[PDB]
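Peer 1: For reference, the file structure.cif (mmCIF, C-alpha atoms (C1' of nucleotides) and all ligand atoms) is included below:
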```cif
data_structure
loop_
_atom_site.group_PDB
_atom_site.id
_atom_site.type_symbol
_atom_site.label_atom_id
_atom_site.label_comp_id
_atom_site.auth_asym_id
_atom_site.auth_seq_id
_atom_site.Cartn_x
_atom_site.Cartn_y
_atom_site.Cartn_z
ATOM 1 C CA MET A 1 12.098 56.725 -50.581
ATOM 2 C CA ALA A 2 11.706 59.882 -48.422
ATOM 3 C CA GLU A 3 13.838 62.699 -49.954
ATOM 4 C CA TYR A 4 16.489 63.284 -47.230
ATOM 5 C CA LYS A 5 17.264 66.948 -46.364
ATOM 6 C CA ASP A 6 20.476 67.629 -48.373
ATOM 7 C CA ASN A 7 21.960 70.658 -50.218
ATOM 8 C CA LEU A 8 22.060 69.989 -54.007
ATOM 9 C CA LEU A 9 21.175 73.551 -55.171
ATOM 10 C CA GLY A 10 20.736 72.531 -58.813
ATOM 11 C CA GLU A 11 20.119 75.179 -61.482
ATOM 12 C CA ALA A 12 22.860 74.553 -64.057
ATOM 13 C CA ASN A 13 20.381 72.779 -66.404
ATOM 14 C CA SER A 14 22.920 69.938 -66.575
ATOM 15 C CA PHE A 15 22.941 68.988 -62.906
ATOM 16 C CA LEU A 16 19.168 68.687 -63.333
ATOM 17 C CA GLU A 17 19.738 66.097 -66.066
ATOM 18 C CA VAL A 18 22.174 64.192 -63.851
ATOM 19 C CA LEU A 19 19.595 64.330 -61.048
ATOM 20 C CA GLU A 20 16.907 62.880 -63.313
ATOM 21 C CA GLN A 21 19.329 60.161 -64.427
ATOM 22 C CA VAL A 22 20.192 59.137 -60.860
ATOM 23 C CA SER A 23 16.523 59.305 -59.843
ATOM 24 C CA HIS A 24 15.812 56.774 -62.588
ATOM 25 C CA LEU A 25 18.484 54.564 -60.948
ATOM 26 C CA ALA A 26 16.938 55.048 -57.494
ATOM 27 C CA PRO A 27 14.759 51.868 -57.518
ATOM 28 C CA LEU A 28 17.051 49.537 -59.466
ATOM 29 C CA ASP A 29 19.371 47.125 -57.645
ATOM 30 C CA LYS A 30 22.004 47.092 -60.405
ATOM 31 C CA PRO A 31 25.577 48.203 -59.637
ATOM 32 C CA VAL A 32 26.183 51.912 -60.200
ATOM 33 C CA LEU A 33 29.346 53.881 -60.927
ATOM 34 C CA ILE A 34 29.721 57.581 -60.153
ATOM 35 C CA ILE A 35 32.285 59.316 -62.375
ATOM 36 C CA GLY A 36 33.551 62.771 -61.451
ATOM 37 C CA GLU A 37 36.612 64.809 -60.537
ATOM 38 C CA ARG A 38 38.008 66.285 -57.327
ATOM 39 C CA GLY A 39 35.205 67.382 -55.034
ATOM 40 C CA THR A 40 32.127 67.771 -57.261
ATOM 41 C CA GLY A 41 29.887 66.532 -54.429
ATOM 42 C CA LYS A 42 29.691 62.889 -55.491
ATOM 43 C CA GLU A 43 28.963 61.860 -51.893
ATOM 44 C CA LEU A 44 25.677 63.772 -52.009
ATOM 45 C CA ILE A 45 24.645 61.903 -55.167
ATOM 46 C CA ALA A 46 25.592 58.564 -53.604
ATOM 47 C CA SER A 47 23.566 59.344 -50.479
ATOM 48 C CA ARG A 48 20.719 60.409 -52.767
ATOM 49 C CA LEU A 49 20.808 57.028 -54.525
ATOM 50 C CA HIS A 50 20.897 55.055 -51.289
ATOM 51 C CA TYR A 51 18.292 57.170 -49.540
ATOM 52 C CA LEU A 52 15.690 57.172 -52.347
ATOM 53 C CA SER A 53 15.907 53.422 -52.973
ATOM 54 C CA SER A 54 13.446 50.780 -51.828
ATOM 55 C CA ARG A 55 16.054 49.540 -49.331
ATOM 56 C CA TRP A 56 16.461 53.076 -47.935
ATOM 57 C CA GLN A 57 15.219 51.792 -44.573
ATOM 58 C CA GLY A 58 18.377 49.683 -44.508
ATOM 59 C CA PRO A 59 21.760 50.826 -43.225
ATOM 60 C CA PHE A 60 24.140 53.075 -45.135
ATOM 61 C CA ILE A 61 27.664 52.195 -44.025
ATOM 62 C CA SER A 62 30.362 53.705 -46.238
ATOM 63 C CA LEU A 63 33.839 52.198 -46.221
ATOM 64 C CA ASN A 64 37.014 54.004 -47.288
ATOM 65 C CA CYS A 65 38.807 51.468 -49.479
ATOM 66 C CA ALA A 66 42.084 53.281 -48.809
ATOM 67 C CA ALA A 67 41.614 52.850 -45.048
ATOM 68 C CA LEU A 68 41.349 49.053 -44.799
ATOM 69 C CA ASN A 69 44.343 47.267 -43.315
ATOM 70 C CA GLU A 70 46.268 44.791 -45.451
ATOM 71 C CA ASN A 71 46.690 41.847 -43.071
ATOM 72 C CA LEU A 72 43.352 42.314 -41.278
ATOM 73 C CA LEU A 73 41.436 42.454 -44.577
ATOM 74 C CA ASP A 74 39.633 39.120 -44.240
ATOM 75 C CA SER A 75 38.346 39.679 -40.704
ATOM 76 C CA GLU A 76 37.533 43.315 -41.480
ATOM 77 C CA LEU A 77 35.413 42.406 -44.510
ATOM 78 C CA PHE A 78 33.785 39.275 -43.070
ATOM 79 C CA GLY A 79 34.145 39.091 -39.295
ATOM 80 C CA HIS A 80 34.705 36.173 -36.935
ATOM 81 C CA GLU A 81 31.834 34.489 -35.045
ATOM 82 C CA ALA A 82 34.411 33.615 -32.343
ATOM 83 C CA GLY A 83 34.494 36.323 -29.630
ATOM 84 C CA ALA A 84 37.649 38.326 -28.806
ATOM 85 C CA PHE A 85 37.767 36.589 -25.371
ATOM 86 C CA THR A 86 37.079 33.035 -24.080
ATOM 87 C CA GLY A 87 33.350 32.334 -23.495
ATOM 88 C CA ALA A 88 32.423 35.518 -25.419
ATOM 89 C CA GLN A 89 28.646 36.097 -25.910
ATOM 90 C CA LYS A 90 29.037 38.034 -29.217
ATOM 91 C CA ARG A 91 31.400 38.649 -32.193
ATOM 92 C CA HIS A 92 32.643 41.693 -34.187
ATOM 93 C CA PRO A 93 30.720 42.340 -37.466
ATOM 94 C CA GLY A 94 32.642 42.563 -40.783
ATOM 95 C CA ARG A 95 32.104 45.355 -43.356
ATOM 96 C CA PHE A 96 29.889 42.919 -45.333
ATOM 97 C CA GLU A 97 26.705 41.702 -43.536
ATOM 98 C CA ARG A 98 26.713 45.077 -41.683
ATOM 99 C CA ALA A 99 25.523 46.295 -45.137
ATOM 100 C CA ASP A 100 22.922 43.574 -45.833
ATOM 101 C CA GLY A 101 19.495 45.140 -46.236
ATOM 102 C CA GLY A 102 21.007 48.372 -47.528
ATOM 103 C CA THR A 103 23.555 49.823 -49.897
ATOM 104 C CA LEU A 104 27.328 49.751 -49.493
ATOM 105 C CA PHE A 105 29.170 52.880 -50.619
ATOM 106 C CA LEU A 106 32.733 52.531 -51.903
ATOM 107 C CA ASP A 107 35.120 55.452 -52.372
ATOM 108 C CA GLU A 108 38.638 55.830 -53.779
ATOM 109 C CA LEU A 109 38.110 52.739 -55.908
ATOM 110 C CA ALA A 110 41.253 53.387 -57.957
ATOM 111 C CA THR A 111 43.599 53.479 -54.959
ATOM 112 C CA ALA A 112 42.229 50.206 -53.580
ATOM 113 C CA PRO A 113 45.145 47.755 -53.189
ATOM 114 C CA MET A 114 45.351 44.576 -55.232
ATOM 115 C CA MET A 115 44.530 42.512 -52.143
ATOM 116 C CA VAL A 116 41.302 44.485 -51.707
ATOM 117 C CA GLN A 117 40.604 44.188 -55.442
ATOM 118 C CA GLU A 118 40.932 40.402 -55.578
ATOM 119 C CA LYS A 119 39.183 39.780 -52.251
ATOM 120 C CA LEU A 120 36.243 42.019 -53.178
ATOM 121 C CA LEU A 121 35.910 40.566 -56.681
ATOM 122 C CA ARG A 122 35.287 37.038 -55.391
ATOM 123 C CA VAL A 123 32.685 37.971 -52.776
ATOM 124 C CA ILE A 124 30.369 40.000 -55.013
ATOM 125 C CA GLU A 125 30.028 37.568 -57.926
ATOM 126 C CA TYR A 126 28.733 34.729 -55.739
ATOM 127 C CA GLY A 127 28.056 36.080 -52.257
ATOM 128 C CA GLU A 128 28.003 33.215 -49.751
ATOM 129 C CA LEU A 129 30.573 34.942 -47.557
ATOM 130 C CA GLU A 130 31.951 32.816 -44.722
ATOM 131 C CA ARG A 131 33.556 34.212 -41.587
ATOM 132 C CA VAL A 132 36.948 32.851 -40.573
ATOM 133 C CA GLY A 133 36.266 29.586 -38.806
ATOM 134 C CA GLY A 134 33.359 27.249 -39.387
ATOM 135 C CA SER A 135 32.000 25.933 -42.674
ATOM 136 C CA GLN A 136 28.623 27.695 -42.825
ATOM 137 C CA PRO A 137 28.105 29.950 -45.869
ATOM 138 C CA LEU A 138 25.876 32.983 -45.323
ATOM 139 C CA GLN A 139 24.038 34.459 -48.310
ATOM 140 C CA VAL A 140 23.922 38.263 -48.509
ATOM 141 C CA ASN A 141 21.908 40.828 -50.493
ATOM 142 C CA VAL A 142 23.780 44.133 -50.807
ATOM 143 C CA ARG A 143 23.545 46.986 -53.328
ATOM 144 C CA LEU A 144 26.879 48.409 -54.502
ATOM 145 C CA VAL A 145 27.363 52.047 -55.518
ATOM 146 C CA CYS A 146 30.856 53.467 -56.015
ATOM 147 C CA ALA A 147 32.416 56.830 -56.886
ATOM 148 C CA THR A 148 35.888 57.645 -58.208
ATOM 149 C CA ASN A 149 37.821 60.510 -59.783
ATOM 150 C CA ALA A 150 40.761 58.775 -61.481
ATOM 151 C CA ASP A 151 40.723 57.116 -64.899
ATOM 152 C CA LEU A 152 40.150 53.404 -64.397
ATOM 153 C CA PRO A 153 40.574 52.625 -68.139
ATOM 154 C CA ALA A 154 44.110 53.982 -67.785
ATOM 155 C CA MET A 155 44.470 52.025 -64.544
ATOM 156 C CA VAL A 156 43.491 48.884 -66.468
ATOM 157 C CA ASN A 157 45.967 49.741 -69.229
ATOM 158 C CA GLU A 158 48.799 49.973 -66.700
ATOM 159 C CA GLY A 159 47.390 46.856 -65.033
ATOM 160 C CA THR A 160 47.461 48.407 -61.554
ATOM 161 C CA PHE A 161 43.686 47.822 -61.467
ATOM 162 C CA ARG A 162 42.071 44.518 -62.428
ATOM 163 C CA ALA A 163 39.649 44.960 -65.316
ATOM 164 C CA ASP A 164 37.440 42.013 -64.356
ATOM 165 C CA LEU A 165 35.859 43.512 -61.235
ATOM 166 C CA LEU A 166 35.498 46.765 -63.162
ATOM 167 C CA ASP A 167 33.574 44.991 -65.926
ATOM 168 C CA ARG A 168 31.374 43.226 -63.380
ATOM 169 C CA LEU A 169 30.786 46.519 -61.525
ATOM 170 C CA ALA A 170 30.319 48.839 -64.539
ATOM 171 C CA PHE A 171 26.688 48.157 -65.436
ATOM 172 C CA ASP A 172 26.070 51.900 -65.802
ATOM 173 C CA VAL A 173 27.969 55.077 -64.946
ATOM 174 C CA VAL A 174 26.699 58.545 -64.094
ATOM 175 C CA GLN A 175 28.698 61.524 -65.357
ATOM 176 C CA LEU A 176 29.076 64.594 -63.139
ATOM 177 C CA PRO A 177 29.667 67.936 -64.895
ATOM 178 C CA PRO A 178 32.441 70.107 -63.445
ATOM 179 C CA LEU A 179 31.656 73.484 -61.919
ATOM 180 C CA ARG A 180 33.255 75.213 -64.907
ATOM 181 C CA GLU A 181 30.855 73.260 -67.123
ATOM 182 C CA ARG A 182 27.909 74.353 -64.962
ATOM 183 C CA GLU A 183 29.026 78.031 -65.024
ATOM 184 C CA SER A 184 25.539 79.293 -64.037
ATOM 185 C CA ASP A 185 25.035 78.324 -60.373
ATOM 186 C CA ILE A 186 28.097 80.173 -59.075
ATOM 187 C CA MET A 187 26.084 83.117 -57.712
ATOM 188 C CA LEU A 188 23.748 80.936 -55.660
ATOM 189 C CA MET A 189 26.491 78.736 -54.222
ATOM 190 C CA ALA A 190 28.582 81.826 -53.480
ATOM 191 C CA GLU A 191 25.669 83.393 -51.622
ATOM 192 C CA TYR A 192 24.672 80.238 -49.712
ATOM 193 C CA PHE A 193 28.277 79.659 -48.644
ATOM 194 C CA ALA A 194 28.564 83.285 -47.545
ATOM 195 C CA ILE A 195 25.324 83.072 -45.542
ATOM 196 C CA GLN A 196 26.573 79.948 -43.760
ATOM 197 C CA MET A 197 29.877 81.700 -43.077
ATOM 198 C CA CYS A 198 27.980 84.667 -41.637
ATOM 199 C CA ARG A 199 26.617 82.488 -38.832
ATOM 200 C CA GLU A 200 29.857 80.518 -38.461
ATOM 201 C CA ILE A 201 31.972 83.628 -37.792
ATOM 202 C CA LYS A 202 28.968 85.303 -36.079
ATOM 203 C CA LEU A 203 29.209 88.209 -38.518
ATOM 204 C CA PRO A 204 26.055 90.357 -38.219
ATOM 205 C CA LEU A 205 25.114 90.900 -41.867
ATOM 206 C CA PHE A 206 26.062 90.017 -45.431
ATOM 207 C CA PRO A 207 27.456 93.165 -47.101
ATOM 208 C CA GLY A 208 26.893 92.242 -50.751
ATOM 209 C CA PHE A 209 28.865 91.375 -53.865
ATOM 210 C CA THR A 210 30.642 93.875 -56.098
ATOM 211 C CA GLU A 211 30.679 93.685 -59.885
ATOM 212 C CA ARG A 212 34.472 93.351 -59.900
ATOM 213 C CA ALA A 213 34.255 90.375 -57.530
ATOM 214 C CA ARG A 214 31.558 88.787 -59.681
ATOM 215 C CA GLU A 215 33.680 89.279 -62.796
ATOM 216 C CA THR A 216 36.798 87.779 -61.247
ATOM 217 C CA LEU A 217 35.286 84.622 -59.766
ATOM 218 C CA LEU A 218 33.201 84.084 -62.905
ATOM 219 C CA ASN A 219 36.194 84.585 -65.231
ATOM 220 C CA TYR A 220 38.256 81.703 -63.881
ATOM 221 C CA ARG A 221 39.214 78.408 -65.499
ATOM 222 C CA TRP A 222 38.195 76.718 -62.214
ATOM 223 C CA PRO A 223 40.469 73.665 -62.053
ATOM 224 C CA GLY A 224 39.213 73.560 -58.493
ATOM 225 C CA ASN A 225 35.756 72.177 -57.844
ATOM 226 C CA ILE A 226 32.791 73.362 -55.778
ATOM 227 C CA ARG A 227 34.707 72.856 -52.502
ATOM 228 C CA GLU A 228 37.609 74.946 -53.893
ATOM 229 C CA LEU A 229 35.007 77.655 -54.719
ATOM 230 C CA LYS A 230 33.578 77.188 -51.189
ATOM 231 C CA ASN A 231 37.032 77.776 -49.597
ATOM 232 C CA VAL A 232 37.576 80.817 -51.899
ATOM 233 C CA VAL A 233 34.410 82.528 -50.618
ATOM 234 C CA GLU A 234 35.409 81.545 -47.067
ATOM 235 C CA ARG A 235 38.767 83.308 -47.336
ATOM 236 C CA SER A 236 37.502 86.503 -48.964
ATOM 237 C CA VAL A 237 34.514 87.060 -46.674
ATOM 238 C CA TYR A 238 36.717 86.854 -43.580
ATOM 239 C CA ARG A 239 39.511 89.008 -45.009
ATOM 240 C CA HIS A 240 36.916 91.635 -45.937
ATOM 241 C CA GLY A 241 35.893 92.520 -42.387
ATOM 242 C CA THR A 242 32.686 93.496 -40.587
ATOM 243 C CA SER A 243 30.445 94.183 -43.634
ATOM 244 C CA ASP A 244 30.476 97.977 -43.235
ATOM 245 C CA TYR A 245 31.162 98.140 -46.996
ATOM 246 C CA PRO A 246 30.247 95.745 -49.825
ATOM 247 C CA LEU A 247 32.641 92.859 -50.408
ATOM 248 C CA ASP A 248 35.242 93.917 -52.958
ATOM 249 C CA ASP A 249 38.367 91.728 -52.899
ATOM 250 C CA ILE A 250 38.620 88.065 -53.893
ATOM 251 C CA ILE A 251 41.874 86.169 -53.330
ATOM 252 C CA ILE A 252 41.912 83.220 -55.717
ATOM 253 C CA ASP A 253 44.865 81.412 -54.118
ATOM 254 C CA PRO A 254 46.341 82.232 -50.693
ATOM 255 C CA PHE A 255 49.879 81.402 -51.830
ATOM 256 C CA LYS A 256 51.153 84.481 -53.670
ATOM 257 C CA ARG A 257 53.764 86.196 -51.517
ATOM 258 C CA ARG A 258 52.907 89.893 -51.998
ATOM 259 C "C1'" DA B 1 97.900 -15.880 -19.417
ATOM 260 C "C1'" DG B 2 95.840 -12.730 -23.220
ATOM 261 C "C1'" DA B 3 92.520 -11.595 -26.600
ATOM 262 C "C1'" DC B 4 87.707 -11.739 -28.179
ATOM 263 C "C1'" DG B 5 82.817 -11.354 -27.322
ATOM 264 C "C1'" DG B 6 79.269 -9.991 -24.272
ATOM 265 C "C1'" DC B 7 76.810 -7.622 -20.655
ATOM 266 C "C1'" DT B 8 75.632 -3.386 -18.223
ATOM 267 C "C1'" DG B 9 75.311 1.436 -17.176
ATOM 268 C "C1'" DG B 10 76.242 6.596 -17.807
ATOM 269 C "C1'" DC B 11 75.612 10.227 -20.953
ATOM 270 C "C1'" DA B 12 73.687 12.380 -25.013
ATOM 271 C "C1'" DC B 13 70.159 13.550 -28.641
ATOM 272 C "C1'" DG B 14 65.829 14.378 -30.942
ATOM 273 C "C1'" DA B 15 60.668 13.730 -30.199
ATOM 274 C "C1'" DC B 16 56.880 14.447 -27.505
ATOM 275 C "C1'" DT B 17 54.326 15.490 -22.912
ATOM 276 C "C1'" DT B 18 52.843 18.275 -19.025
ATOM 277 C "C1'" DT B 19 52.972 22.082 -15.815
ATOM 278 C "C1'" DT B 20 52.503 26.475 -14.438
ATOM 279 C "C1'" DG B 21 51.548 31.358 -14.767
ATOM 280 C "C1'" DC B 22 48.721 34.337 -16.623
ATOM 281 C "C1'" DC B 23 45.110 38.808 -13.513
ATOM 282 C "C1'" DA B 24 38.861 42.460 -17.005
ATOM 283 C "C1'" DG B 25 36.351 44.382 -19.319
ATOM 284 C "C1'" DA B 26 32.036 45.406 -21.501
ATOM 285 C "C1'" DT B 27 27.050 44.811 -21.298
ATOM 286 C "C1'" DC B 28 22.488 44.686 -19.367
ATOM 287 C "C1'" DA B 29 18.688 45.648 -15.917
ATOM 288 C "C1'" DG B 30 16.455 48.114 -12.171
ATOM 289 C "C1'" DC B 31 16.017 52.411 -9.597
ATOM 290 C "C1'" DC B 32 16.131 57.411 -9.186
ATOM 291 C "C1'" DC B 33 15.863 61.999 -11.129
ATOM 292 C "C1'" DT B 34 13.460 64.822 -14.221
ATOM 293 C "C1'" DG B 35 10.636 66.482 -18.269
ATOM 294 C "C1'" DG B 36 5.915 66.386 -20.436
HETATM 295 N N1 LIG C 1 25.257 70.740 -54.832
HETATM 296 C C1 LIG C 1 25.979 70.938 -53.703
HETATM 297 N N2 LIG C 1 25.411 71.442 -52.585
HETATM 298 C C2 LIG C 1 26.123 71.642 -51.461
HETATM 299 N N3 LIG C 1 27.434 71.365 -51.345
HETATM 300 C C3 LIG C 1 28.131 70.856 -52.389
HETATM 301 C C4 LIG C 1 27.420 70.609 -53.653
HETATM 302 N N4 LIG C 1 28.323 70.107 -54.510
HETATM 303 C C5 LIG C 1 29.510 70.038 -53.858
HETATM 304 N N5 LIG C 1 29.396 70.481 -52.595
HETATM 305 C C6 LIG C 1 30.506 70.536 -51.617
HETATM 306 O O1 LIG C 1 31.668 69.980 -52.235
HETATM 307 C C7 LIG C 1 32.245 68.946 -51.436
HETATM 308 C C8 LIG C 1 32.554 67.721 -52.291
HETATM 309 O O2 LIG C 1 32.939 66.650 -51.433
HETATM 310 P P1 LIG C 1 33.151 65.149 -51.978
HETATM 311 O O3 LIG C 1 31.927 64.726 -52.751
HETATM 312 O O4 LIG C 1 33.630 64.312 -50.817
HETATM 313 O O5 LIG C 1 34.380 65.275 -53.004
HETATM 314 P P2 LIG C 1 35.065 63.946 -53.595
HETATM 315 O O6 LIG C 1 33.902 63.210 -54.209
HETATM 316 O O7 LIG C 1 36.088 64.441 -54.587
HETATM 317 O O8 LIG C 1 35.650 63.264 -52.382
HETATM 318 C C9 LIG C 1 31.252 68.616 -50.335
HETATM 319 O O9 LIG C 1 31.891 68.698 -49.059
HETATM 320 C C10 LIG C 1 30.158 69.656 -50.430
HETATM 321 O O10 LIG C 1 30.128 70.444 -49.236
#
```
Since I need it in another form, could you write the structure as structure tokens?
Peer 2:
Amino acid sequence: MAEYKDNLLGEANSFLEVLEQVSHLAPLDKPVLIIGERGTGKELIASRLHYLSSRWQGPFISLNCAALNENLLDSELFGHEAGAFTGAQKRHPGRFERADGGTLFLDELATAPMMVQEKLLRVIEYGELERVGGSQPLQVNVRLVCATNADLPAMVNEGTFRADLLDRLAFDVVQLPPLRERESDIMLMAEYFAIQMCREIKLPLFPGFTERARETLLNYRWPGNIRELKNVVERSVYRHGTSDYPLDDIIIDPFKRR
DNA sequence: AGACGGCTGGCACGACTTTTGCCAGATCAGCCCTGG
């Protein structure tokens, strides 16, 4: 509900439309898909969805679907009421349940193994997750929001990703425009990144931007995303020096031998 | 008198019991120090 303090810096007149779209999704409990490319700041949008929802007071755990162990999947997702030691007074909590009352964020959906895919598909459709041991089903209420950069229709075509959980979890998608599509906010991000760098390196003052530098970073196909642009500025501002002259040289990729 | 049947015990082979040998840590509550 309360707008958390985050950097979205939106002026592209397309990012504003995406922001309105996600704001419309803020109250609803329906599953949400975030579609983007490398970088693109999808995590900020996901945090925006969770943190402007009715259940925002709830927790906001975010699991890395690539990071879950294969064998330990069941206990990791559910937990075991039995303690680690004899006569234990408590148990470890699984990924699920630890999310109840709030949203669960999923990332790298495409690279999730088939074991994760099939185990996660069963739990969402019905809930009633049961920890290993005992016969007591616990009912859960968790919002799911996920972000990915690969092409899950192609993943379905190859069959390396099950289409059923996709269909269940594809109520609505939000499209994120690439930085090259935005092509208007580059000045403001460049400047904000440079100002942050000024304090990080403890440089005294920002020198300024030359027209040649503006032309070169503007006239770029930008396969890299906002973070690639961020790193670019980071490299050039440091290589420039102590701001006695305006910033003049931009190195697009630090790989050319020279 | 010799062979046949019978009785008993040692040894062996699964199947199941029972005997010992493991060696802390995290977590919570009250008191003391310190900031408002
Ligand atoms: N609007 C924005 N404001 C501030 N930073 C941004 C914005 N968009 C992108 N970024 C930067 O780009 C990065 C994208 O990270 P992330 O969303 O994790 O990429 P991916 O979704 O591919 O994993 C973030 O670390 C963030 O610092």
Peer 1: Do you know which residues the PyMOL selection byres (((chain A and resi 170) around 10) and not hetatm) returns on this file, as an NGL selection string?
Peer 2: :A and (30-34 or 146 or 164-169 or 171-173)
Peer 1: Give as a list in words the residues surrounding ligand LIG 1 (chain C) up to a distance of 8 Å, considering only C-alpha atoms (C1' of nucleotides) and all ligand atoms.
Peer 2: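 Protein and nucleic-acid residues within 8 Å of ligand LIG 1 (chain C): residues 6, 7, 8, 9, 10, 36, 37, 38, 39, 40, 41, 42, 43, 44, 107, 147, 148, 149, 189, 225, 226, 227, 228 and 230 of chain A.
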Peer 1: Up to 12 Å from chain B, what residues of chain A turn up? Count only C-alpha atoms (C1' of nucleotides) and give them as a ChimeraX atom specification.
Peer 2: /A:84-86,88-90
Peer 1: For the residues in that selection, give me C-alpha atoms as a short mmCIF file (atom, residue, chain, number, x, y, z; two decimals), in the coordinates of the input.
Peer 2:
```cif
data_model
loop_
_atom_site.label_atom_id
_atom_site.label_comp_id
_atom_site.auth_asym_id
_atom_site.auth_seq_id
_atom_site.Cartn_x
_atom_site.Cartn_y
_atom_site.Cartn_z
CA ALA A 84 37.65 38.33 -28.81
CA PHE A 85 37.77 36.59 -25.37
CA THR A 86 37.08 33.03 -24.08
CA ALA A 88 32.42 35.52 -25.42
CA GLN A 89 28.65 36.10 -25.91
CA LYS A 90 29.04 38.03 -29.22
#
```
Peer 1: Name the residues captured by the PyMOL selection byres (((chain A and resi 214) around 12) and not hetatm) when it is applied to the shown file; answer as an mmCIF file with C-alpha atoms, in the coordinates of the input.
Peer 2:
```cif
data_model
loop_
_atom_site.group_PDB
_atom_site.id
_atom_site.type_symbol
_atom_site.label_atom_id
_atom_site.label_comp_id
_atom_site.auth_asym_id
_atom_site.auth_seq_id
_atom_site.Cartn_x
_atom_site.Cartn_y
_atom_site.Cartn_z
ATOM 1 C CA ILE A 186 28.097 80.173 -59.075
ATOM 2 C CA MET A 187 26.084 83.117 -57.712
ATOM 3 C CA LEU A 188 23.748 80.936 -55.660
ATOM 4 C CA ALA A 190 28.582 81.826 -53.480
ATOM 5 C CA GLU A 191 25.669 83.393 -51.622
ATOM 6 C CA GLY A 208 26.893 92.242 -50.751
ATOM 7 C CA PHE A 209 28.865 91.375 -53.865
ATOM 8 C CA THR A 210 30.642 93.875 -56.098
ATOM 9 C CA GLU A 211 30.679 93.685 -59.885
ATOM 10 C CA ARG A 212 34.472 93.351 -59.900
ATOM 11 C CA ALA A 213 34.255 90.375 -57.530
ATOM 12 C CA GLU A 215 33.680 89.279 -62.796
ATOM 13 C CA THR A 216 36.798 87.779 -61.247
ATOM 14 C CA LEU A 217 35.286 84.622 -59.766
ATOM 15 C CA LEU A 218 33.201 84.084 -62.905
ATOM 16 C CA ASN A 219 36.194 84.585 -65.231
ATOM 17 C CA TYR A 220 38.256 81.703 -63.881
ATOM 18 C CA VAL A 233 34.410 82.528 -50.618
ATOM 19 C CA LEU A 247 32.641 92.859 -50.408
ATOM 20 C CA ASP A 248 35.242 93.917 -52.958
ATOM 21 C CA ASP A 249 38.367 91.728 -52.899
ATOM 22 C CA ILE A 250 38.620 88.065 -53.893
#
```
Peer 1: Please write the residues picked by the PyMOL selection byres (((chain A and resi 127-138) around 9) and not hetatm) on this file as a compact mmCIF listing (two decimals) with C-alpha atoms, keeping the file's coordinate frame.
Peer 2:
```
# COMPACT_ATOMS: atom_id res chain seq x y z
CA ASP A 74 39.63 39.12 -44.24
CA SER A 75 38.35 39.68 -40.70
CA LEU A 77 35.41 42.41 -44.51
CA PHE A 78 33.78 39.28 -43.07
CA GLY A 79 34.15 39.09 -39.30
CA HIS A 80 34.70 36.17 -36.94
CA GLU A 81 31.83 34.49 -35.04
CA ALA A 82 34.41 33.62 -32.34
CA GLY A 94 32.64 42.56 -40.78
CA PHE A 96 29.89 42.92 -45.33
CA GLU A 97 26.70 41.70 -43.54
CA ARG A 122 35.29 37.04 -55.39
CA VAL A 123 32.68 37.97 -52.78
CA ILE A 124 30.37 40.00 -55.01
CA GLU A 125 30.03 37.57 -57.93
CA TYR A 126 28.73 34.73 -55.74
CA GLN A 139 24.04 34.46 -48.31
CA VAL A 140 23.92 38.26 -48.51
CA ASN A 141 21.91 40.83 -50.49
```
Peer 1: When you draw a straight line from CA of residue 73 in chain A to CA of residue 100 in chain A, how long is it in Å?
Peer 2: 18.6 Å
Peer 1: Grab the CA of residue 68 in chain A to CA of residue 103 in chain A distance for me, in Å with one decimal place.
Peer 2: 18.5 Å
Peer 1: Name the residues in contact with residue 238 in chain A at a cut-off of 10 Å, using all atoms listed in the file, excluding same-chain residues fewer than 2 positions from it; report them as a CSV table (one decimal) with C-alpha atoms, in the coordinates of the input.
Peer 2:
```
chain,number,residue,atom,x,y,z
A,194,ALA,CA,28.6,83.3,-47.5
A,197,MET,CA,29.9,81.7,-43.1
A,198,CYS,CA,28.0,84.7,-41.6
A,201,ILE,CA,32.0,83.6,-37.8
A,203,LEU,CA,29.2,88.2,-38.5
A,233,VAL,CA,34.4,82.5,-50.6
A,234,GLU,CA,35.4,81.5,-47.1
A,235,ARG,CA,38.8,83.3,-47.3
A,236,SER,CA,37.5,86.5,-49.0
A,240,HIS,CA,36.9,91.6,-45.9
A,241,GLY,CA,35.9,92.5,-42.4
A,242,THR,CA,32.7,93.5,-40.6
A,243,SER,CA,30.4,94.2,-43.6
A,247,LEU,CA,32.6,92.9,-50.4
```
Peer 1: For CA of residue 67 in chain A and CA of residue 145 in chain A, quote the distance in Å rounded to one decimal.
Peer 2: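 Interatomic distance here is 17.7 Å.
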Peer 1: Leaving out residue 19 in chain A and any residue of its chain fewer than 2 positions from it, which residues lie within 10 Å of it when counting all atoms listed in the file, given as a ChimeraX atom specification?
Peer 2: /A:8,10,14-17,21-25,45,48-49,174,176
Peer 1: Generate the output file for the selected residues, C-alpha atoms, as an mmCIF file, in the frame of the given file.
Peer 2:
```
data_model
loop_
_atom_site.group_PDB
_atom_site.id
_atom_site.type_symbol
_atom_site.label_atom_id
_atom_site.label_comp_id
_atom_site.auth_asym_id
_atom_site.auth_seq_id
_atom_site.Cartn_x
_atom_site.Cartn_y
_atom_site.Cartn_z
ATOM 1 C CA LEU A 8 22.060 69.989 -54.007
ATOM 2 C CA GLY A 10 20.736 72.531 -58.813
ATOM 3 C CA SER A 14 22.920 69.938 -66.575
ATOM 4 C CA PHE A 15 22.941 68.988 -62.906
ATOM 5 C CA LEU A 16 19.168 68.687 -63.333
ATOM 6 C CA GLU A 17 19.738 66.097 -66.066
ATOM 7 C CA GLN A 21 19.329 60.161 -64.427
ATOM 8 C CA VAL A 22 20.192 59.137 -60.860
ATOM 9 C CA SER A 23 16.523 59.305 -59.843
ATOM 10 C CA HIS A 24 15.812 56.774 -62.588
ATOM 11 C CA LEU A 25 18.484 54.564 -60.948
ATOM 12 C CA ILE A 45 24.645 61.903 -55.167
ATOM 13 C CA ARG A 48 20.719 60.409 -52.767
ATOM 14 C CA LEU A 49 20.808 57.028 -54.525
ATOM 15 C CA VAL A 174 26.699 58.545 -64.094
ATOM 16 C CA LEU A 176 29.076 64.594 -63.139
#
```
